[PDB]
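Participant: First the structure, which I've put down as structure tokens, then a few questions once you've had a look.
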Amino acid sequence: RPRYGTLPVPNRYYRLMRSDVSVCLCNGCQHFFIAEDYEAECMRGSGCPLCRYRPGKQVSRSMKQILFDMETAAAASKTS
Amino acid sequence: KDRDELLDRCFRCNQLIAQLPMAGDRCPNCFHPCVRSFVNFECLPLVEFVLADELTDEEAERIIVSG
Amino acid sequence: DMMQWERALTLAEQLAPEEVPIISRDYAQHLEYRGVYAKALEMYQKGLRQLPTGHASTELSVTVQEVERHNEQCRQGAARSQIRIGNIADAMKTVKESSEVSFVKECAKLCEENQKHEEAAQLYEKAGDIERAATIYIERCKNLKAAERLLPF
Ligand SMILES: [Zn+2]
Ligand SMILES: [Zn+2]
């Protein structure tokens, strides 16, 4: 399902015939990856290597993290 | 003499890719675009098929769930 | 940007078959400003294009309106150009099958100069104004039978 936004774009369909290869699809990006390779690349602390999608949380994050980051920046300014 | 293990395989035409692919990274034989991974860029065993005009994506999901 | 639309078409024969008519229409537009549009008919006839066949999604749906608008504009240009050639009878079907008031008004002006007063009379009453139509009737056409129907108005 091409996530271009709210625009109507038809869903493309693919057939898999050789089950010995593990494939996955990053929901934030909708690009195909090798599942183990995508999992290994996700550990670099930026989610999907392309779209930086992180599962387990909705599209709108907890933006209070930015407020705590600015708090920590002020703290590092006021260390010395 | 090129090795066959490092050559891309087009699963739609069931034939290897020896020549340089054309624009769109399509198959030289059957013009099929390569369904590639986006870490190592390996042609995954996936073929692309579009529904007929009498079927829709909602109907495709309905018939996928039903049978 | 060279305005050598002839060689643009020539290379578009093998490069981009679909781009062929559009440039063509633009060519005719420039001829519109110089009065040399006597050759500006064959590209309008070549502007036809087969319908996009495919799935019934929006992608095959939106483009239909744009390509049909291009066809309507091309037929408008063809009807405008056919007046001075002397093919009023062929253009009359397209004009009377149209709806646009301004296009019919612009087409109606030039029919009198070719002494084709019947088609001019047909277009004047549907041009949106009856006072000027009757003024042309009594001064040039002198056709009282058509003016009788316009007497109460
Ligand atoms: Zn992704
Ligand atoms: Zn192939």
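Residues are referred to by chain and number: the chain letter is A, B, ... according to the order shown in the structure tokens, the number counts from 1 in that chain, and ligands are numbered separately from 1 in the order shown.
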What are the residues of chain C that have an atom within 9 Å of an atom of chain A, counting only C-alpha atoms, as a list in words?
Facilitator: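 Taken together, these residues fit the definition: residues 57, 58 and 59 of chain C.
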Participant: With the cut-off set at 12 Å and counting only C-alpha atoms and all ligand atoms, tabulate each residue of chain B with an atom at most that distance from an atom of ligand 1, showing the nearest atom pair and its distance in Å to one decimal, ordered by chain and increasing number, as JSON lines.
Facilitator:
{"residue": "B:37", "atom": "CA", "partner": "ligand 1", "partner_atom_place_in_ligand_line": "1 (Zn)", "distance": 11.4}
{"residue": "B:38", "atom": "CA", "partner": "ligand 1", "partner_atom_place_in_ligand_line": "1 (Zn)", "distance": 9.4}
{"residue": "B:39", "atom": "CA", "partner": "ligand 1", "partner_atom_place_in_ligand_line": "1 (Zn)", "distance": 11.0}
Participant: Compute the chain B side of the contact with chain C at 12 Å, counting only C-alpha atoms, and hand it back as a ChimeraX atom specification.
Facilitator: /B:50-58
Participant: Select all residues from chain B having any atom no more than 6 Å from an atom of chain A (counting only C-alpha atoms, ignoring ligands), output as an mmCIF file with N, CA and C atoms, in the first residue's frame.
Facilitator:
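The resulting file, selection_35.cif, is shown below:
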data_model
loop_
_atom_site.group_PDB
_atom_site.id
_atom_site.type_symbol
_atom_site.label_atom_id
_atom_site.label_comp_id
_atom_site.auth_asym_id
_atom_site.auth_seq_id
_atom_site.Cartn_x
_atom_site.Cartn_y
_atom_site.Cartn_z
ATOM 1 N N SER B 37 15.860 -6.198 -2.300
ATOM 2 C CA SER B 37 16.014 -5.688 -0.950
ATOM 3 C C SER B 37 16.645 -4.303 -0.994
ATOM 4 N N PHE B 38 16.546 -3.585 0.112
ATOM 5 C CA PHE B 38 17.141 -2.262 0.204
ATOM 6 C C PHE B 38 18.166 -2.197 1.327
ATOM 7 N N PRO B 45 12.681 -13.295 -4.223
ATOM 8 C CA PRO B 45 11.782 -14.110 -5.054
ATOM 9 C C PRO B 45 10.349 -13.609 -5.059
ATOM 10 N N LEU B 46 10.121 -12.453 -5.670
ATOM 11 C CA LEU B 46 8.797 -11.860 -5.745
ATOM 12 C C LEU B 46 8.513 -11.417 -7.167
ATOM 13 N N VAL B 47 7.314 -11.722 -7.644
ATOM 14 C CA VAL B 47 6.861 -11.259 -8.949
ATOM 15 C C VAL B 47 5.700 -10.301 -8.736
ATOM 16 N N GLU B 48 5.533 -9.372 -9.666
ATOM 17 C CA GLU B 48 4.514 -8.338 -9.550
ATOM 18 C C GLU B 48 3.338 -8.686 -10.451
ATOM 19 N N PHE B 49 2.137 -8.751 -9.875
ATOM 20 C CA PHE B 49 0.931 -8.966 -10.661
ATOM 21 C C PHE B 49 -0.138 -7.970 -10.243
#
Participant: Pick out the residues no farther than 7 Å from ligand 2, counting only C-alpha atoms and all ligand atoms, and list them as a PyMOL selection string.
Facilitator: chain B and resi 10-15+27-32
Participant: Assign secondary structure with DSSP using the backbone only, and return the residues of chain A in strand (DSSP E or B) as a PyMOL selection string.
Facilitator: chain A and resi 13-16+23-25+32-34
Participant: Please dump the current selection as a CSV table (one decimal), in the first residue's frame; keep C-alpha atoms.
Facilitator:
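Listing of result.csv after writing:
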chain,number,residue,atom,x,y,z
A,13,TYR,CA,0.3,-7.1,-5.4
A,14,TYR,CA,3.3,-9.5,-5.4
A,15,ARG,CA,3.6,-13.3,-5.4
A,16,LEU,CA,6.3,-15.2,-3.5
A,23,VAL,CA,11.1,-11.1,3.3
A,24,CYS,CA,9.6,-8.2,5.2
A,25,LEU,CA,8.1,-4.8,4.5
A,32,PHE,CA,10.8,-4.8,0.6
A,33,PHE,CA,13.8,-6.0,2.7
A,34,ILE,CA,15.3,-9.3,3.7
Participant: Work out how far apart CA of residue 108 (chain C) and CA of residue 42 (chain C) are and give it in Å to one decimal.
Facilitator: 23.1 Å
Participant: Set the distance at 10 Å and use only C-alpha atoms: which residues neighbour residue 83 (chain C) once local chain neighbours fewer than 2 positions away are removed? I'd like the list as a list in words.
Facilitator: residues 78, 79, 80, 81, 85, 86, 87, 88, 89, 90, 91, 92, 107, 108, 109, 110, 111, 113, 114 and 116 of chain C
Participant: Could you save those same residues with N, CA and C atoms as a PDB file, in the first residue's frame?
Facilitator:
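Now in out.pdb:
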ATOM      1  N   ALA C  78      -9.732  23.994 -34.659  1.00  0.00           N
ATOM      2  CA  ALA C  78     -10.055  23.536 -36.007  1.00  0.00           C
ATOM      3  C   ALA C  78     -11.290  24.242 -36.548  1.00  0.00           C
ATOM      4  N   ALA C  79     -12.319  24.397 -35.710  1.00  0.00           N
ATOM      5  CA  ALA C  79     -13.525  25.104 -36.127  1.00  0.00           C
ATOM      6  C   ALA C  79     -13.241  26.576 -36.395  1.00  0.00           C
ATOM      7  N   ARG C  80     -12.390  27.199 -35.576  1.00  0.00           N
ATOM      8  CA  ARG C  80     -12.000  28.584 -35.825  1.00  0.00           C
ATOM      9  C   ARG C  80     -11.248  28.719 -37.144  1.00  0.00           C
ATOM     10  N   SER C  81     -10.348  27.780 -37.431  1.00  0.00           N
ATOM     11  CA  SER C  81      -9.522  27.878 -38.627  1.00  0.00           C
ATOM     12  C   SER C  81     -10.288  27.542 -39.901  1.00  0.00           C
ATOM     13  N   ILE C  85     -11.106  29.025 -44.665  1.00  0.00           N
ATOM     14  CA  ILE C  85     -10.775  28.089 -45.736  1.00  0.00           C
ATOM     15  C   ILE C  85     -11.938  27.958 -46.711  1.00  0.00           C
ATOM     16  N   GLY C  86     -13.153  27.827 -46.186  1.00  0.00           N
ATOM     17  CA  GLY C  86     -14.311  27.608 -47.027  1.00  0.00           C
ATOM     18  C   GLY C  86     -14.960  26.267 -46.759  1.00  0.00           C
ATOM     19  N   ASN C  87     -14.814  25.775 -45.532  1.00  0.00           N
ATOM     20  CA  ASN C  87     -15.395  24.497 -45.141  1.00  0.00           C
ATOM     21  C   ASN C  87     -16.381  24.716 -44.002  1.00  0.00           C
ATOM     22  N   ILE C  88     -17.260  25.710 -44.169  1.00  0.00           N
ATOM     23  CA  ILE C  88     -18.214  26.082 -43.125  1.00  0.00           C
ATOM     24  C   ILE C  88     -19.152  24.924 -42.808  1.00  0.00           C
ATOM     25  N   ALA C  89     -19.540  24.155 -43.831  1.00  0.00           N
ATOM     26  CA  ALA C  89     -20.513  23.082 -43.641  1.00  0.00           C
ATOM     27  C   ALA C  89     -19.987  22.003 -42.702  1.00  0.00           C
ATOM     28  N   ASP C  90     -18.712  21.637 -42.841  1.00  0.00           N
ATOM     29  CA  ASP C  90     -18.118  20.673 -41.919  1.00  0.00           C
ATOM     30  C   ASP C  90     -18.009  21.247 -40.511  1.00  0.00           C
ATOM     31  N   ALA C  91     -17.645  22.526 -40.397  1.00  0.00           N
ATOM     32  CA  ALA C  91     -17.477  23.146 -39.088  1.00  0.00           C
ATOM     33  C   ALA C  91     -18.799  23.362 -38.368  1.00  0.00           C
ATOM     34  N   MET C  92     -19.914  23.399 -39.102  1.00  0.00           N
ATOM     35  CA  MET C  92     -21.202  23.704 -38.488  1.00  0.00           C
ATOM     36  C   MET C  92     -21.641  22.610 -37.525  1.00  0.00           C
ATOM     37  N   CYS C 107     -16.804  32.528 -33.542  1.00  0.00           N
ATOM     38  CA  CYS C 107     -16.999  31.887 -34.839  1.00  0.00           C
ATOM     39  C   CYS C 107     -18.026  32.621 -35.694  1.00  0.00           C
ATOM     40  N   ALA C 108     -19.024  33.247 -35.067  1.00  0.00           N
ATOM     41  CA  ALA C 108     -20.108  33.863 -35.823  1.00  0.00           C
ATOM     42  C   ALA C 108     -19.686  35.138 -36.544  1.00  0.00           C
ATOM     43  N   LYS C 109     -18.576  35.759 -36.136  1.00  0.00           N
ATOM     44  CA  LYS C 109     -18.213  37.064 -36.684  1.00  0.00           C
ATOM     45  C   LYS C 109     -17.788  36.973 -38.146  1.00  0.00           C
ATOM     46  N   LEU C 110     -17.093  35.903 -38.517  1.00  0.00           N
ATOM     47  CA  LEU C 110     -16.403  35.832 -39.798  1.00  0.00           C
ATOM     48  C   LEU C 110     -17.208  35.140 -40.893  1.00  0.00           C
ATOM     49  N   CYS C 111     -18.431  34.694 -40.602  1.00  0.00           N
ATOM     50  CA  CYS C 111     -19.212  33.975 -41.603  1.00  0.00           C
ATOM     51  C   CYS C 111     -19.805  34.902 -42.659  1.00  0.00           C
ATOM     52  N   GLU C 113     -18.354  37.543 -44.095  1.00  0.00           N
ATOM     53  CA  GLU C 113     -17.371  37.981 -45.084  1.00  0.00           C
ATOM     54  C   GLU C 113     -17.256  37.004 -46.247  1.00  0.00           C
ATOM     55  N   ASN C 114     -17.500  35.718 -46.005  1.00  0.00           N
ATOM     56  CA  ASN C 114     -17.496  34.711 -47.056  1.00  0.00           C
ATOM     57  C   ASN C 114     -18.843  34.590 -47.755  1.00  0.00           C
ATOM     58  N   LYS C 116     -21.539  33.583 -46.576  1.00  0.00           N
ATOM     59  CA  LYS C 116     -22.280  32.427 -46.077  1.00  0.00           C
ATOM     60  C   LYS C 116     -23.223  32.884 -44.965  1.00  0.00           C
TER      61      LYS C 116
END
Participant: Where does DSSP see alpha helix (DSSP H) in chain B, if you list the residues as a PyMOL selection string?
Facilitator: chain B and resi 57-66
Participant: What does the file look like for those residues with N, CA, C and O atoms, as an mmCIF file, in the first residue's frame?
Facilitator:
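Once everything was written out, this is selection-v2.cif:
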data_model
loop_
_atom_site.group_PDB
_atom_site.id
_atom_site.type_symbol
_atom_site.label_atom_id
_atom_site.label_comp_id
_atom_site.auth_asym_id
_atom_site.auth_seq_id
_atom_site.Cartn_x
_atom_site.Cartn_y
_atom_site.Cartn_z
ATOM 1 N N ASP B 57 -8.943 -3.548 -5.089
ATOM 2 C CA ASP B 57 -8.083 -3.846 -3.947
ATOM 3 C C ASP B 57 -8.899 -4.285 -2.739
ATOM 4 O O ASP B 57 -8.502 -5.204 -2.013
ATOM 5 N N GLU B 58 -10.043 -3.636 -2.507
ATOM 6 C CA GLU B 58 -10.949 -4.096 -1.463
ATOM 7 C C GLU B 58 -11.463 -5.495 -1.772
ATOM 8 O O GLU B 58 -11.475 -6.370 -0.898
ATOM 9 N N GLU B 59 -11.861 -5.733 -3.024
ATOM 10 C CA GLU B 59 -12.293 -7.069 -3.417
ATOM 11 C C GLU B 59 -11.139 -8.061 -3.384
ATOM 12 O O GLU B 59 -11.346 -9.239 -3.071
ATOM 13 N N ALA B 60 -9.922 -7.608 -3.694
ATOM 14 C CA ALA B 60 -8.763 -8.488 -3.591
ATOM 15 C C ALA B 60 -8.532 -8.924 -2.153
ATOM 16 O O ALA B 60 -8.267 -10.101 -1.891
ATOM 17 N N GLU B 61 -8.641 -7.995 -1.206
ATOM 18 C CA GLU B 61 -8.481 -8.368 0.194
ATOM 19 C C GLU B 61 -9.623 -9.268 0.656
ATOM 20 O O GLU B 61 -9.407 -10.203 1.436
ATOM 21 N N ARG B 62 -10.840 -9.009 0.167
ATOM 22 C CA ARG B 62 -11.977 -9.860 0.507
ATOM 23 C C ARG B 62 -11.763 -11.290 0.028
ATOM 24 O O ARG B 62 -12.013 -12.248 0.767
ATOM 25 N N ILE B 63 -11.296 -11.455 -1.210
ATOM 26 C CA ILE B 63 -11.114 -12.803 -1.737
ATOM 27 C C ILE B 63 -9.869 -13.453 -1.138
ATOM 28 O O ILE B 63 -9.791 -14.683 -1.047
ATOM 29 N N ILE B 64 -8.892 -12.653 -0.700
ATOM 30 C CA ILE B 64 -7.743 -13.205 0.008
ATOM 31 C C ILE B 64 -8.171 -13.774 1.353
ATOM 32 O O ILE B 64 -7.765 -14.880 1.733
ATOM 33 N N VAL B 65 -9.007 -13.039 2.087
ATOM 34 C CA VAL B 65 -9.476 -13.527 3.380
ATOM 35 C C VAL B 65 -10.412 -14.719 3.202
ATOM 36 O O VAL B 65 -10.299 -15.724 3.915
ATOM 37 N N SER B 66 -11.339 -14.635 2.244
ATOM 38 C CA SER B 66 -12.319 -15.702 2.061
ATOM 39 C C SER B 66 -11.672 -16.974 1.527
ATOM 40 O O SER B 66 -12.000 -18.079 1.976
#
Participant: Write out as a VMD selection string which residues come within 12 Å of residue 50 (chain C) when counting only C-alpha atoms, dropping same-chain ones fewer than 6 positions away.
Facilitator: chain C and resid 18 64 67 to 68 71
Participant: Those same residues - C-alpha atoms - I'd like them written as a PDB file, in the first residue's frame.
Facilitator:
ATOM      1  CA  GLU C  18       2.682  10.352 -27.358  1.00  0.00           C
ATOM      2  CA  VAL C  64      -9.346  11.315 -19.204  1.00  0.00           C
ATOM      3  CA  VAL C  67      -6.961  14.651 -22.585  1.00  0.00           C
ATOM      4  CA  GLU C  68     -10.615  15.354 -23.411  1.00  0.00           C
ATOM      5  CA  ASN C  71      -9.350  17.386 -27.672  1.00  0.00           C
TER       6      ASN C  71
END
Participant: With only C-alpha atoms as the basis for distance, which of B:41, B:36, B:4, B:67 is at the shortest distance from residue 16 (chain B)?
Facilitator: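 Ranked by minimum distance to residue 16 (chain B), first place goes to B:4.
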Participant: Excluding residue 136 (chain C) and its own-chain neighbours fewer than 3 positions away, which residues fall within 12 Å of it when counting only C-alpha atoms? Please give them as a PyMOL selection string.
Facilitator: chain C and resi 108-109+111-112+117+120-121+123-125+129-133+139-144+146-147
Participant: Between CA of residue 76 (chain C) and CA of residue 15 (chain C), measure the distance and give it in Å to one decimal.
Facilitator: 28.3 Å
Participant: Any idea what the distance is between CA of residue 77 (chain C) and CA of residue 24 (chain C)?
Facilitator: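 Computing it gives 12.0 Å between the two atoms.
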Participant: Please identify all polymer residues within 12 Å of residue 52 (chain A), counting only C-alpha atoms, omitting same-chain residues fewer than 5 positions from it, and present them as a PDB file with N, CA and C atoms, in the first residue's frame.
Facilitator:
ATOM      1  N   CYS A  26       8.774  -2.765   5.535  1.00  0.00           N
ATOM      2  CA  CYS A  26       8.740  -1.756   6.587  1.00  0.00           C
ATOM      3  C   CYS A  26       7.500  -0.891   6.427  1.00  0.00           C
ATOM      4  N   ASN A  27       6.608  -0.943   7.421  1.00  0.00           N
ATOM      5  CA  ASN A  27       5.301  -0.304   7.300  1.00  0.00           C
ATOM      6  C   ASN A  27       5.408   1.206   7.159  1.00  0.00           C
ATOM      7  N   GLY A  28       6.440   1.814   7.739  1.00  0.00           N
ATOM      8  CA  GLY A  28       6.642   3.235   7.538  1.00  0.00           C
ATOM      9  C   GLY A  28       7.159   3.587   6.162  1.00  0.00           C
ATOM     10  N   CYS A  29       7.742   2.622   5.457  1.00  0.00           N
ATOM     11  CA  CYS A  29       8.352   2.865   4.160  1.00  0.00           C
ATOM     12  C   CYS A  29       7.735   2.062   3.028  1.00  0.00           C
ATOM     13  N   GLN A  30       7.171   0.887   3.320  1.00  0.00           N
ATOM     14  CA  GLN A  30       6.558  -0.002   2.331  1.00  0.00           C
ATOM     15  C   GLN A  30       7.547  -0.432   1.253  1.00  0.00           C
ATOM     16  N   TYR A  38      17.108  -6.611   7.430  1.00  0.00           N
ATOM     17  CA  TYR A  38      16.431  -5.420   7.929  1.00  0.00           C
ATOM     18  C   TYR A  38      16.517  -5.333   9.443  1.00  0.00           C
ATOM     19  N   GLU A  41      19.999  -4.261  10.380  1.00  0.00           N
ATOM     20  CA  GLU A  41      20.238  -2.853  10.102  1.00  0.00           C
ATOM     21  C   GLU A  41      19.437  -1.935  11.013  1.00  0.00           C
ATOM     22  N   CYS A  42      18.344  -2.427  11.597  1.00  0.00           N
ATOM     23  CA  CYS A  42      17.551  -1.607  12.506  1.00  0.00           C
ATOM     24  C   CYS A  42      18.279  -1.294  13.807  1.00  0.00           C
ATOM     25  N   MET A  43      19.303  -2.061  14.159  1.00  0.00           N
ATOM     26  CA  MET A  43      19.972  -1.887  15.438  1.00  0.00           C
ATOM     27  C   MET A  43      20.901  -0.687  15.472  1.00  0.00           C
ATOM     28  N   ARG A  44      20.997   0.082  14.396  1.00  0.00           N
ATOM     29  CA  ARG A  44      21.855   1.257  14.391  1.00  0.00           C
ATOM     30  C   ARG A  44      21.206   2.461  15.060  1.00  0.00           C
ATOM     31  N   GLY A  45      20.088   2.265  15.751  1.00  0.00           N
ATOM     32  CA  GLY A  45      19.463   3.345  16.483  1.00  0.00           C
ATOM     33  C   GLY A  45      18.702   4.335  15.641  1.00  0.00           C
ATOM     34  N   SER A  46      18.319   3.964  14.421  1.00  0.00           N
ATOM     35  CA  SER A  46      17.525   4.856  13.590  1.00  0.00           C
ATOM     36  C   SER A  46      16.448   4.101  12.825  1.00  0.00           C
ATOM     37  N   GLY A  47      15.939   3.012  13.395  1.00  0.00           N
ATOM     38  CA  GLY A  47      14.821   2.298  12.799  1.00  0.00           C
ATOM     39  C   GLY A  47      15.157   1.716  11.444  1.00  0.00           C
ATOM     40  N   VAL A  59       2.178   6.886  14.770  1.00  0.00           N
ATOM     41  CA  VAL A  59       2.886   7.846  13.924  1.00  0.00           C
ATOM     42  C   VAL A  59       3.307   9.065  14.737  1.00  0.00           C
TER      43      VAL A  59
END
Participant: May I ask which of the residues B:17, B:23, B:43, B:35 is the closest one to residue 2 (chain B), counting only C-alpha atoms?
Facilitator: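 The closest residue to residue 2 (chain B) is B:17.
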Participant: For residue 39 (chain C), which residue among C:100, C:1, C:8, C:82 is the nearest when counting only C-alpha atoms?
Facilitator: C:82
